[PDB]
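Shown below, as structure tokens, is a lone chain in the form deposited in one PDB entry; questions about how it binds or moves come after it.
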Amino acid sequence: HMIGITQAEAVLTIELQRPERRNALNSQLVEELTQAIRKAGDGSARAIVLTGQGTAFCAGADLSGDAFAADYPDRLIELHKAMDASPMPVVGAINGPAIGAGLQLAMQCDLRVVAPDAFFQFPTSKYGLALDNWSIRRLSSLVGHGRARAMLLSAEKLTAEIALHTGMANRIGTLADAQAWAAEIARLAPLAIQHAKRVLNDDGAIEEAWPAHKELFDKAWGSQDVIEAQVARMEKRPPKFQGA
């Protein structure tokens, strides 16, 4: 009910369909995406295009009114495992902003065609939160370490232009452009693509957090600053962080 799945010849297009919340993820949306990725070899299909309905690709997470919110983090991990394990190449058609969980989702695609008006961001420093190690490593591999420091330490937005500059965007273009590229990719040798995808994903970005990383991760997630950031967002005011 929250995604749309269509297919032209050998390209399967999966569309996030929660534009009323800029395609922000919840448990149902994540579950539905995971099922669609796993099935995509039903198939016939030899490539997937992943995209969002409307103005945004995916603006993060919105668990409001969602019953299975407690399950969401683990289901989200299962979605990433499903994409990583898929033998099919996933071309992300990043049609608009990809923020937070949306940036993670875009990075888990195998290739990216990015709309002129899209941007990417981890606003973690504004929320007081902390990321898993893969998010940090894969970002660094895609924008370069220097820009990754700015994105993570200062919530810097990455424009489509700079995304193309660094390789985060393979191309600037529309959903149609991504579907055309995917159609060409669907004519290439599947076992070659499968080997290259596995080796590339196994560059070390899939990293277990170190003990010190986990300590800092827990400290951030459990902090009062995280609560303050929430209340300040609601009350339309700047947050007053304390580092605790």
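By rigid core we mean the largest C-alpha set that fits within 1.5 Å across both forms. One-based numbering along the sequence shown.
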Give yes or no for this: do at least a third of the other compared entries, each modelling residues before and after residue 65, lack coordinates for it?
-> yes
Check the entry's C-alpha temperature factors for 42-50 and 205-213, then say which stretch has the higher mean.
-> 42-50
Segment of higher mean CA temperature factor, 91-99 or 131-139 = 91-99
Highest recorded Cα temperature factor - choice among 192, 200, 182, 63 = 63
In this PDB entry, which of 188, 69, 178, 58 has the top CA B-factor?
-> 69
Position of residue 144 among the chain's modelled residues by C-alpha B-factor, lowest, middle or highest third | lowest
Residue 110: C-alpha B-factor third of its chain, per the entry, is the lowest
Residue 84 by Cα B-factor - lowest, middle or highest third of the modelled chain = lowest
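One more form of this protein should be noted, the form deposited in another entry, which is absent from this view; the next part is about it.
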Out of 216, 200, 188, 69, the position with Cα displaced 2 angstroms or more between this form and the one not shown on rigid-core fit is 69
Are residue 227 and residue 66 closer or farther apart at the Cα level in that other deposited form than shown, by 3 Å or more?
-> closer
Pair residue 56/residue 67, Cα separation in that other deposited form versus the displayed form, closer or farther by 3 angstroms or more | closer
